[PDB]
Structures are given as C-alpha cells and as structure tokens.
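Every chain is numbered from 1, with letters handed out A, B, ... down the list of sequences. What's counted below: heavy atoms across the whole structure, side chains too, no hydrogens, waters or symmetry copies.
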Amino acid sequence: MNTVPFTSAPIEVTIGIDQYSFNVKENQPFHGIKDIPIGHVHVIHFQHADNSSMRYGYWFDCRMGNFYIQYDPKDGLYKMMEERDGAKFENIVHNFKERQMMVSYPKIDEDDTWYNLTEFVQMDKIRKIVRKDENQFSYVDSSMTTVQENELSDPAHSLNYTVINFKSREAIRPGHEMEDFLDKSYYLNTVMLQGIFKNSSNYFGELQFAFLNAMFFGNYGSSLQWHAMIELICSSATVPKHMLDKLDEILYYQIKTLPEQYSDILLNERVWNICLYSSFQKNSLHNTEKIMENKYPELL
Amino acid sequence: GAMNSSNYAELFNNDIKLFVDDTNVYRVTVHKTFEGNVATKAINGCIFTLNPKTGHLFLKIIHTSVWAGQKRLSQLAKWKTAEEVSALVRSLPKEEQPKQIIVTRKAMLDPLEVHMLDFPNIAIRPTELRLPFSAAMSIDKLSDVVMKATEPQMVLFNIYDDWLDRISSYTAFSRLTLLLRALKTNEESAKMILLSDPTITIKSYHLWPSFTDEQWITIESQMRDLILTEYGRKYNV
Ligand SMILES: O=C(O)CCOc1ccccc1
C-alpha cells in the first residue's frame, strides 16, 4: 500500500482518486490518501468548490516514486510533486497516519473495476501523450486540446493522442477510395495496429486513457478520441477475434462506470448507433449493447 | 460552406467553380419478368459537370458496362461520379482547376471529398439552391449522344451556346435554369415552345435555337408561364 500525503488543504475541493471521490472543506485538517493498492497506474483529480471551472489532475504510477500534493497559492492549484528524500517521506507517511488525518482508499475486494478500466493504460505511454519529461507524473485538465484539434495553440500543453482521421490519405489508399472508406480494416490493421501502435494492447490503452480523461476532466478532445477509436474498430469488416471480444468487455465497464446524469455530454449518439446497430461488428458487442439498452435507451 | 441565395452572385466571380450533378449517372427502365417479377435494366447515363461562369459543360457518359457484375449500384454510382470528377480535375492544367466544387446532392460530399484528398485546397460544398440539372437529358443533343454511346466517353459543350457574347454569366445561368426548370416541369410543352417556329434553327454546334434578344424575352415569358401554370394545376390554385 502507498500513501499520497497532502501538505494541507487550504481551499475547499472535491478530490478524486481513481474512480472514487470525496470532499474536503476549506482549511480542513486533511493530509492525504492512505492505503492505495499499489497498481500500475492511478489518477488524482480536483475540482475546486468555489470555481468548478478547470477540473485537473495527475496520472501517476506509485512504483515510479514517492508523490505528494501541495497547494500553490500563486497558481491556485493543488500541485503534485515528487519527494526524492525517501527517509523524509517515510517520516511523514508513518506519522501522518499516526495522526489519522488521511482518508483510506476504499477498495471493496469484490470490486475489480479500476483494473478493468485501466488494464491496458500504461504510465510510459501516458508520458508520450502528455509530454513533460522532467516529471514522472502527468498533468491533464478539462481545457487541454489534442494535437489533432490543434491542426483544425500551445503545443507543450497538448494531448498527443494518435491522430485518427477517416478522410485523410493515411486512412485511404489511392485506388481503394470506396473500399477503404466503407471498410476501414486497412486503416485499422495495417496503418494503426501494425504501423503505429504495434499491438492491440497499446491501442486499447490509449482508448482507455482517452475515456478516463473524458470522464474525469470533461476533456472534449479526449471524448472525440475515445469515440474515434471505437468507430475505427466497429467500421472494420476484418478484426481479430480476441480484439472484438476484448472490446466488448472494455466498453461494458466504461459504460457501467459512466455517471448516469452525464450521458447527454459523454456519449455521441451517432457513433453508438452505428457501432451497435449498423456496423460490421453490430453483432459482436453483446454485453455493451445490453448494458447500453438497459441503462441509456434514450440515446438509441 | 453550403451555397444559397445570399451569396448567389459569388457563383460568377473569378474563382473557378464546378457544379456536379449525379442524378443521371445510374438510370434504369423498370420492366416485368417472365415469372411476373419486376426487373431493372440499366441504360447509359452521364455526369453533369458545369463551370457556371463560362458555360463549359464536361458531360461524362456513363456506359452501362460499368455496372456489370456490380452490387449496390446506387451507392457505387456516387463513388463512380467522384472518381470521374477527380480524374477530370487531374486532367486540367493547374490554372484551370476549380477552387470549389458544388454538388447538387449531399450524398456526393463524402465520396467526392475522399477522391479529392490529393487536392486539399479545393472546397467541396453542398448547395441550398434547387437546381434543375436532372433535366439535362431533356436537351435533345445531350440525350442523343448519351444514348448512342457504345463505350465510356467525355463530350464537351458550351451549354450557353454563344449567349455570353451578348449577356452576362449571371443572366445566362438564369436563362439556363429557367429553361431546365421548364423542361423538368412539363417537358413536352417546353419543347413545343422552343421548336414552334421552324424558321428559328439550332446551329450545328449549339444546343438551343438562335433566338434574337427580343425572341428570348418572349421565350422566357412563355417558360415562366408554363412553370406557373403547372404550379396552379398541381396545387389547385
Ligand atoms: O467557350 C466556348 O464556347 C468554347 C469553349 O468551349 C468549351 C466547352 C466545354 C469545355 C471547354 C471548352
């Protein structure tokens, strides 16, 4: 188990840790989160009570170092930092617990939800999408645009998702215009899987990361990417069988976790009707289709 | 963006543009089989591609052989249209290539955009004008060359004859669309209006009769009356 201590909590805030959330009052004696299952990936996110504008947070792998949060009264946000003095860090986190001003990460043992949402999500791939090499953790917020979106304005502060554009030369072989537009299997299998992602694990990892940034931060470009990566698979007549079966599982847990009152803004009706009812893989997403019809029939 | 009547004069500025109409690409007769079924047989079609400033009509004849052994022909027809228009653009010198292509049917947008990926600076747009280019096959000389074709073929015409010697491209386009709307609304009566004086002839290289300026005013009036007459008949007005 790891700990993410907080120096203090000067401003009232809603704090997320993975799929969980809790509130902290202004200047409440709060000193962080204890009992965190070491994983391969985690996210800590924030939405200020006095200004729900800018949700923001930090992706981090507990195995890559000792991380803490400190409020910056100049920039006005909770910042993640890394503590390089391990003995100092053990001195805090073996005490702050001994003071009991930390909340306990509350993992129900039946609940495998977080690795079903992040199995393929990796921190080394996150740091390629979010380029800030001097830190081992990665900042994302509600307003960050994607590299693709920038091509249609601070590149340093962008989300470097893999560009997917169905009406581009990358997607369409000269001489195969109709074929490749109506059946995107070339673009999926040769261009994306073989050429760029190298395997389906890296593809699913970006898809999962995009979903979680859309949900946790309301990041619009992330939502676009999530949907585009689903639509590319569903619009392909030829997809490995392991990939389809795995996609159904991945999407089912995303739909299950989605806040019910957030469906008007996190689900694109066009994409979902195409994937479930019209696409080559309409009959391959059995569990996702079943949760979508019984949870969000209004969208369909 | 989409075209309409606010920015309507723009069609006749100096930026080259091309209307594309695909409504006559895939054409059939609908007939009954020996088992009592109904079956289609394709007949020759055409792509109608028109630069409205110059009157230059690039009429690509679509021979029935292009459909042989193909499925989902209405869908294929849009992609075939897109393929041929892209080829037309590539065959033109750069200073003759359009800056915009306006499609009369929104279903042509994605096929044309995909075939035109090599030309990122050519805008592909729908329009909100209801243009009567489907009635191109009511123009006798166009119909004849389409139905006589035994192979794919590209035929060129100035669809304005010599009118630009005397009137503007705006005025010529208005005359064209009036004639074609009339032919679409009541083809046989519209043809009667045009052919009723056998002493006014069609030049060998023209599509329309050699009317004087005053005769065109009379013809245009008779065409407007035909269209209004049919409206009244249709809606009991
Ligand atoms: O302007 C004219 O009448 C002679 C040129 O006519 C053309 C017609 C179609 C394509 C190219 C030229």
Side-chain angles (χ1 to χ4, degrees), chain B residues 2-13 17-24 27 46 48-57 59 102-106 125-146 157-203 205-237:
Chain B
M3 223 258 300
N4 48 49
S5 265
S6 303
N7 58 12
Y8 178 70
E10 175 186 359
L11 282 169
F12 313 98
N13 66 25
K17 33 186 90 64
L18 281 185
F19 282 114
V20 171
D21 182 273
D22 68 314
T23 61
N24 288 311
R27 298 205 291 167
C46 56
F48 180 104
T49 299
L50 172 69
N51 173 340
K53 174 89 163 182
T54 63
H56 286 184
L57 163 62
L59 195 69
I102 305 164
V103 299
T104 59
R105 303 205 293 176
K106 319 208 178 54
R125 313 158 64 196
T127 180
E128 301 300 320
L129 298 186
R130 44 271 163 194
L131 298 164
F133 297 150
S134 73
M137 286 299 89
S138 294
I139 297 173
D140 293 318
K141 284 187 195 189
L142 303 184
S143 182
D144 294 338
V145 71
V146 170
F157 298 90
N158 187 324
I159 202 171
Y160 300 150
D161 284 349
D162 61 350
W163 306 341
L164 294 179
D165 293 354
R166 300 188 63 80
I167 62 181
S168 76
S169 69
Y170 173 96
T171 302
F173 191 73
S174 290
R175 178 182 295 167
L176 176 65
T177 54
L178 172 61
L179 292 167
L180 284 169
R181 178 59 57 199
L183 286 160
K184 191 161 181 175
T185 307
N186 188 341
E187 181 181 23
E188 133 233 326
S189 297
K191 288 179 170 192
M192 277 270 290
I193 291 169
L194 292 164
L195 313 174
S196 71
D197 188 340
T199 77
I200 306 168
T201 59
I202 302 180
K203 294 313 141 274
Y205 50 94
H206 280 185
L207 294 181
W208 312 100
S210 304
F211 292 127
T212 71
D213 288 356
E214 286 303 292
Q215 290 169 339
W216 270 122
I217 292 307
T218 300
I219 291 285
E220 284 161 351
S221 189
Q222 292 172 328
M223 293 298 183
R224 280 187 302 273
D225 171 68
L226 176 161
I227 295 164
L228 187 56
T229 292
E230 287 302 321
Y231 174 93
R233 289 168 96 247
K234 189 228 260 213
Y235 297 107
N236 289 339
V237 168

Heavy-atom side-chain contact between [X] and [Y] under 4.5 Å:
{"X": "B/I139", "Y": "B/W208", "answer": "yes"}
{"X": "B/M3", "Y": "B/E10", "answer": "no"}
{"X": "B/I202", "Y": "B/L207", "answer": "no"}
{"X": "B/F48", "Y": "B/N24", "answer": "no"}
{"X": "B/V237", "Y": "B/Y231", "answer": "yes"}
{"X": "B/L11", "Y": "B/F19", "answer": "yes"}
{"X": "B/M223", "Y": "B/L194", "answer": "yes"}

Report yes or no: does [X] contribute a side-chain atom to a donor-acceptor pair with the main-chain N or O of [Y] at less than 3.5 Å?
{"X": "B/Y160", "Y": "B/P52", "answer": "yes"}
{"X": "B/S221", "Y": "B/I217", "answer": "no"}
{"X": "B/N186", "Y": "B/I227", "answer": "no"}
{"X": "B/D161", "Y": "B/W163", "answer": "no"}

Nearest 0.5 Å please: distance from the [atom1] atom of [X] over to the [atom2] atom of [Y].
{"X": "B/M137", "Y": "B/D144", "atom1": "CE", "atom2": "CG", "value": "9.5 Å"}
{"X": "B/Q215", "Y": "B/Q222", "atom1": "CD", "atom2": "CD", "value": "10.5 Å"}
{"X": "B/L176", "Y": "B/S169", "atom1": "CG", "atom2": "OG", "value": "12.0 Å"}
{"X": "B/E128", "Y": "B/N7", "atom1": "CD", "atom2": "CG", "value": "10.5 Å"}
{"X": "B/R175", "Y": "B/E220", "atom1": "CZ", "atom2": "CD", "value": "4.5 Å"}
{"X": "B/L131", "Y": "B/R181", "atom1": "CG", "atom2": "CZ", "value": "8.0 Å"}

message: For a quick check under 3.5 Å, do B/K184 and B/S134 share a side-chain donor-acceptor pair by atom type?
response: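 A pair is found: one side chain offers a donor N or O, the other an acceptor, under 3.5 Å apart.
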TODO: Only one of B/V146, B/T49, B/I159 passes side chain to side chain contact (heavy atoms under 4.5 Å, CB included) with B/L59; say which it is.
DONE: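 Result for side chain to side chain contact (heavy atoms under 4.5 Å, CB included) with B/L59: B/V146.
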Checklist entry - Does the gap between the ring centers of B/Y8 and B/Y170 come in under 6.0 Å? => result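 Yes.
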Subject >> Heavy-atom pair with the smallest gap, counting every atom of B/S138 and B/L183 >> reply: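 Minimum heavy-atom contact is CB-CB, 4.0 Å.
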Closest approach of B/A190 and B/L226, non-hydrogen atoms and distance?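 Where B/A190 meets B/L226 most closely, the heavy atoms are N-CD1, 3.5 Å.
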May I ask you to decide whether B/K234 forms a salt bridge with B/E230, counting only side-chain N to carboxylate O separations under 4.0 Å?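 Salt bridge flag = no for B/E230 with B/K234.
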- Message: I'd like to know whether B/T201 forms a side chain to side chain donor-acceptor pair (under 3.5 Å) with B/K203, so could you lay out the CA-CA distance, the side-chain angles of the two residues, the decisive distance to 0.1 Å, and finally the verdict.
- Response: CA-CA 6 Å; B/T201 59; B/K203 294 313 141 274; 2.8 Å; yes
Practice prompt. Verify side chain to side chain contact (heavy atoms under 4.5 Å, CB included) between B/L129 and B/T177, making sure each step is shown before the conclusion.
Written response: CA-CA 11 Å; B/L129 298 186; B/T177 54; over 6 Å; no
Report task. Evaluate the criterion side chain to side chain contact (heavy atoms under 4.5 Å, CB included) for residue pair B/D21 and B/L50; output intermediate values, then yes/no. Result -> CA-CA 9 Å; B/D21 182 273; B/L50 172 69; over 6 Å; no
